[PDB]
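Participant: model this:
(chains A, B, C, D, E, F, G, H, I, J and K, ligands or ions: 3)
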Amino acid sequence: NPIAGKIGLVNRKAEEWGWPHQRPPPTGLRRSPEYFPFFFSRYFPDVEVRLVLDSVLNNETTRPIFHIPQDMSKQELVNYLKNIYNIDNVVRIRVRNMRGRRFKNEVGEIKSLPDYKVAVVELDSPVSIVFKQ
Amino acid sequence: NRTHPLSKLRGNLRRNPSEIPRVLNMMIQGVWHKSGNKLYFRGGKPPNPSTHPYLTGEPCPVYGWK
Amino acid sequence: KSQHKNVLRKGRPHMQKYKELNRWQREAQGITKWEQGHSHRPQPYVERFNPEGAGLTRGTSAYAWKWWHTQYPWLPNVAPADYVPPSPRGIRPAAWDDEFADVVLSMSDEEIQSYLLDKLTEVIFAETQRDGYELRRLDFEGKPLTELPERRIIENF
Amino acid sequence: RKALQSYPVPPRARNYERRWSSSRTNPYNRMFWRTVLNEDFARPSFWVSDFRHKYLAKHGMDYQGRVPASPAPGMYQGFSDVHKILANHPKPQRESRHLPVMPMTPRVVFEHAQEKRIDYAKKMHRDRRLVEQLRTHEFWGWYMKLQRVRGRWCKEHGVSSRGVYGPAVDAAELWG
Amino acid sequence: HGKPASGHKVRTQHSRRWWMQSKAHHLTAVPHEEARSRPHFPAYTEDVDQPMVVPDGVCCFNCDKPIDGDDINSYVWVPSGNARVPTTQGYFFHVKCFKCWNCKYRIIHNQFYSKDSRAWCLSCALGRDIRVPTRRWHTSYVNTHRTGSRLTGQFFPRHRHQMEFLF
Amino acid sequence: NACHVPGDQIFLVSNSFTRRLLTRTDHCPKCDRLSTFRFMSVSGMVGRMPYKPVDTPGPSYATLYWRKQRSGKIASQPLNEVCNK
Amino acid sequence: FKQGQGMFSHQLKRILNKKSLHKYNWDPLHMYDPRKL
Amino acid sequence: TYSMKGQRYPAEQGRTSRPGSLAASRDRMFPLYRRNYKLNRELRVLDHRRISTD
Amino acid sequence: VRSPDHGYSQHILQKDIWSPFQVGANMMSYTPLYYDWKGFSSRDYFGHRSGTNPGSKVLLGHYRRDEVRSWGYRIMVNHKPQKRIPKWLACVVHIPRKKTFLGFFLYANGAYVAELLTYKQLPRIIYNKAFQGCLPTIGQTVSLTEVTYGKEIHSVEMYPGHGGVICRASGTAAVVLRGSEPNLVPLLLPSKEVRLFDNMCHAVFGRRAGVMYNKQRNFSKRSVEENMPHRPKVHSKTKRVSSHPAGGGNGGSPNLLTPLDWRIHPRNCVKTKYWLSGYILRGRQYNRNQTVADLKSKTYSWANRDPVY
Amino acid sequence: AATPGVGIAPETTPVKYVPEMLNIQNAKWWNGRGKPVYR
RNA sequence: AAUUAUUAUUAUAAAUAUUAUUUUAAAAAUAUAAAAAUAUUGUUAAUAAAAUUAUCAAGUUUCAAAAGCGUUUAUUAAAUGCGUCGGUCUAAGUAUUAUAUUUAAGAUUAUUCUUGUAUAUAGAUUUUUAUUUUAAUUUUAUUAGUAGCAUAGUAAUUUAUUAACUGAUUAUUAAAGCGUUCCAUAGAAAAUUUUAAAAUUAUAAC
Ligand SMILES: [Zn+2]
Ligand SMILES: [Zn+2]
Ligand SMILES: [Zn+2]
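Facilitator: Numbers count the residues shown, from 1 in each chain, chains lettered A, B, ... in the order given. Ligands and ions are numbered 1, 2, ... in the order given. Coordinates below:
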């Protein structure tokens, strides 16, 4: 829904700064990378790059598949694996966008999970996982 | 092209009441370019302009993006 | 006609047009349907224009594909919108020099426009006209009644 | 009904009207004879038919020669959708001397998208018969193995394959 | 005075003045009034008199590169009735060499003008100058391997051919 | 009633092989290989039409002139036989 | 033969009831700029 | 195979994870019907490369 | 050349005016002279195809359509020739829809732009130069002072220096009338109404052009009537009596007494002169019945203008 | 396409026919969109 | 299009895939017709523009009435359309022009006379007819006339048919056609003559 709702702004303030009680931070600070949600981001990112194992299991793969939040572009997924998981060999990333899984819970409401973003990275030297039974 | 607050770059994801009539016609209609290929929306799952990664830069002819 | 085959429809279907969106923009704004306050007229298109049309007043060739077919001839000349007024600054041409500047600057900008018109009527009807054509009406015998051309012939020259 | 200005190229078949006229196909071969036969029919396409009015003025003559096609670089620079104030030619160029390049209008790119999907179609057909001329080509080559192995077997087992009778009904070369 | 004197043009394809204006004047003998009428041409021109095969010394008129013998429909074989001069049979063109040589676009409505052994577009070859079409520029709409040219030319009785009823 | 890359043949087609009618695959004897044939013209029917004589459709004025060349003027060779054995 | 009975015509009749943001943008004093006084 | 408008049967589409059967995707039951979008693009679509002019 | 204008007559009725000398279409569309613009059809403010409100002179004739074709030949016209700089008629172009002839003049200081082409003009000749006389040469653009009584002039300008407005149509001519006024010259406009033109006004000497338009131009072909495309002009007496008072009647009703388009156009009633200029001397009504010649006899002064209208 | 229903008055007298001229009832609770402006 | 329905959604391109949804032992009607001697309109309001065909799917002719070829919700002397003509317009468009109409092109001609609207008008009404509008009741001259012509009628004569409520011809006072009349007239709707496959009567004939 593109249409902006009134409440959604108000609910944004009350957590950004205690809205009815604490006066706002001056508009200069809000336009700055030192504003807390821009500071809680530049230093404490919040991302869920979950790895699918069904493609990286006992079968060797050069193309392990991930899921990354819808708003992680390609060159960020590089930066991510590079600086957080030491992965240094990514020549091409291949990115879809998938409607989050949907289903009917036993009650009956259609409980649709959040949506994600398949990003089939392509490492140089293939990777694998062992599973001893 | 959604854009980051700090980024001086300007994107056309407006939500003013005067601009949502065209921002839906991008998400549900999509664009049929006069070259024959359907643009931004061509298939089933309509994009979510507000969950796009931010506009990083204008395109160039020689490379892709400055 | 008793047979409506109704197969001549169905070909090249129209766009969906989602008229709920304009129905919404009305309410998501103070205005009603734009009651005949405008009601409309067909706006022009960029194709039917002809830039470089030797009309257009030469300032507007993109502002003027709109505005009508019956108005853009009159669209006034204004400025490049960056041209600043003629400014009485002190930059004199590189080699015009003083003596000439001291004399010319004495003449004001009606004392110089007047001199220029006389000289130009003198430059035309001079080497330019006496060289081939004639620019002053002649009498019974064919003698040039007036000395120099009449002020209109010069204007449109 | 899907205004023609939307189609990349205006549509090939153009349906009209005429309650009392029922035929899908536009009558070409009549729109062709006029136009080829009559020079005037199609607007001069300014440039190739300008360049007079600019030779006559500067040379005092009729040009009296074939006018160059491909409008000179620098002509029709303010125009945007020329396509009529020209033939369907491209907007000529800048006023430069760089090698001619098609200004990739949305139209030119579409034509590229045809001459690749023409080569695509003629290629999916060209090699159906190339494999069809293996299947049937090799089915026959194999079928003759069958009539050979049947040919060999039908001699030792003596099944003449010519009825209940002996060859003495054949040798007459009657029906019997 | 039957009244509705303005009418529908109800006859017309039910006349004998029509039956003579519907015929085709093709390259056959078929004296007249015996050629086909509605489609204007008979299907399956039988040509047992002369086999009508593609030759071996065959080459593109416009391009001159040798043409695949017969295994393909990449060539537009225009047998202009009995031609002989362009080749043993009629002009030959690969589908992509079928453009106007002088203006280099397609041959609109496929009527070309053989200018000194290089097919020229009729309009350019005629002196006219409108030099770009709308639909497809550098490739004609033509059919391949005579399949578009078999609407005309040399139906079965191409001559007297009275060997039939004579003894 | 069927030709070739360069030659001809003749055959009456049934209902069962109506698919292979337009263009066949066959051993072209003016060659030694199977080569695709075409359908230069009709030469009759494979059976009777109801209430009609033996030659209901009739071969053609055309396929007859093909026959009158094959059998036709054999006067080059009534020698070596005429119809006998 | 209408068109578009599908879901996009089933949302665009339900999500557009969402009341857009309102801000009383009061009239701009163009000709009488107040801060240049 | 190619990115063409087409009509699929619904069982062919494969069902959600049912109580009786796992999620049977349209691929793992019909492998040779997975579209090959390399083979599409290589053949059917116009590459930026072929018209890059500047 | 025989008769620089011909009634070419392709079909025995279809008579279009070909002129030998007419430039071929190729040498017609000139770039910086070609204007294009949708013409509004008859739609005026709020679409609403409609004429003009009774009192106004801005025409949106109800029955108008396809005024600017879009790939029809449309070059703009000068209407302001310059006084005595020689011309040079380069070609003579003939546009059917704007029935006017118009030929391209070089005008001797490079200006390949001038159009209105006076009758008996030949191409590739110099025109604006005077002979021994004052300026009595066909094509010479003459101030109204330089003309004498009784000789035709065309493209007369109504207000001096404001471009030629009167007598632009083919074969037309404003005849001088030898008035008595101090600094004004009365011209017998073709509408048989005389007008005190300022003598300093500029007119082009001669007839106008393309004689044999007055008649002898008759299309009578469905394709060829696209020189003048206009909307259908329905009967006013088959118009759904709810709509138009003349209507119905079970047969051919002749029509109502007082004819009316939608408001009124009774046959000679609606005369719609509302403002007469200070120059006007006798409107077309004051002369409609006399003759062409008797109006050429008198001398015209301010006392001839009738104090009441 | 639209209609004011009032009919454009002369450019000099911009308002003829207020809806009150007809004894109209336009309570906000009666027909909804009612309440006039000249008020 | 209420559907997994009549249903190639024709923007394109291409041309040999052994691509793959249709119950079943009967005669009535009926949808329907392969086949087949005579007869050729006697059927009927009226035969003839009436599916496909390898037996290759086409009636010819005369007369009378009838314009343009476009265009229409009960589909045409409907309404368009060119020309001529009437009126209007020289401070928004070129008075051999564009508005606003009436007609209809082509070819002959376009008659007699005015009580009202309009114009002009003079404080207004009331008065008032250069042109225009509408009118002519004995306008009725030209012209065609039993005609889409208020009844009278199947008009009276002539043909034509074995039989002429047909149709055409002559003239001719037509209940009150009439100069925008009349002629000329092509595919239409009639009337003949004539030929002819639809299973037209006879006639029933899977
Ligand atoms: Zn070739
Ligand atoms: Zn060419
Ligand atoms: Zn062979």
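Participant: helix/strand/coil for the spatially closest residue to residue A:42 that is not a sequence neighbour?
Facilitator: Nearest non-adjacent residue to residue A:42, counting by C-beta to C-beta, 6 or more residues apart in numbering or on different chains: residue A:33, 6.2 Å away. Yep, even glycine has a C-beta here, placed from its N, CA and C like the rest. For residue A:33, the assignment made with DSSP: H, G, I helix; E, B strand; the rest coil gives coil.
Participant: how close does the nearest residue to residue E:97 once chain neighbours are set aside sit to chain D?
Facilitator: Closest residue to residue E:97 apart from its sequence neighbours, by C-beta to C-beta, 6+ apart: residue E:63 at 3.7 Å. In this view, residue E:63 and chain D are 17 Å apart by C-beta to the nearest C-beta, to the nearest Å.
Participant: re the thing from before, was I right about the residue nearest to residue A:42 contacting residue A:43?
Facilitator: No: between residue A:33 and residue A:43 there is no contact under C-beta atoms under 8 Å: 10.2 Å.
Participant: hmm, back to that, ok, how many other residues are close to the residue nearest to residue A:42?
Facilitator: By the criterion of other C-beta atoms under 10 Å in any protein chain shown, residue A:33 has 9 neighbours.
Participant: hmm, back to that, give the contact list for the residue nearest to residue E:97.
Facilitator: E:93, E:94, E:97 (C-beta atoms under 8 Å, 6 or more residues apart in numbering or on different chains).
Participant: Next, the last one: phi, psi?
Facilitator: Meaning residue E:97. phi -100, psi 10 (degrees, to the nearest 10).
Participant: same check, this time on residue D:120
Facilitator: phi -70, psi -50.
Participant: can you list the residues of chain F near chain D?
Facilitator: F:25, F:34, F:36, F:85 (C-beta under 8 Å from any C-beta of the partner chain).
Participant: Could you identify which of these has the most neighbours?
Facilitator: Sorting the residues of chain F next to chain D by how many neighbours each has (other C-beta under 10 Å) puts residue F:36 first, at 20 neighbours.
Participant: What residues does that one make contact with?
Facilitator: Contacts of residue F:36 by C-beta under 8 Å, 6+ apart are D:133, F:4, F:5, F:23, F:24, F:25, F:26.
Participant: And residue D:41, by the same measure?
Facilitator: Contact partners of residue D:41, counting by C-beta under 8 Å, 6+ apart, are D:34, D:35.
Participant: quick one, what contacts the residue in chain A that chain J sits nearest to?
Facilitator: Relative to chain J, the nearest point of chain A is residue A:3 (22.0 Å; C-beta to the nearest C-beta). Shown in contact with residue A:3 (C-beta under 8 Å, 6+ apart): B:15, B:17, B:20, C:28, G:15, G:16, G:18, G:19, G:20.
Participant: 6 Å instead?
Facilitator: For residue A:3, the contacting residues are B:20, G:18, G:20, by C-beta atoms under 6 Å, 6 or more residues apart in numbering or on different chains.
Participant: so it, which of the three states?
Facilitator: coil.
Participant: just residue D:139 next, same as before
Facilitator: Criterion first, three-state DSSP; result for residue D:139: helix.
Participant: So it versus chain F, what's the distance?
Facilitator: 9 Å.
Participant: Most proximal residue of chain B with respect to chain E?
Facilitator: residue B:36 (13.1 Å).
Participant: neighbours of that residue, just the number please.
Facilitator: Neighbours around residue B:36, by other C-beta under 10 Å: 20.
Participant: Need the three-state assignment for it.
Facilitator: coil.
Participant: about what we covered before: next, the residue of chain A closest to chain J: phi, psi?
Facilitator: According to degrees, to the nearest 10, residue A:3 has phi -70, psi 130.
Participant: Could you list the residues of chain G in contact with RNA strand K?
Facilitator: Within chain G, the residues that sit near RNA strand K (C-beta under 7 Å from any atom of the strand) are G:1, G:2, G:5.
Participant: neighbours of the second one, just the number please.
Facilitator: Residue G:2 has 6 neighbouring residues, counting by other C-beta under 10 Å.
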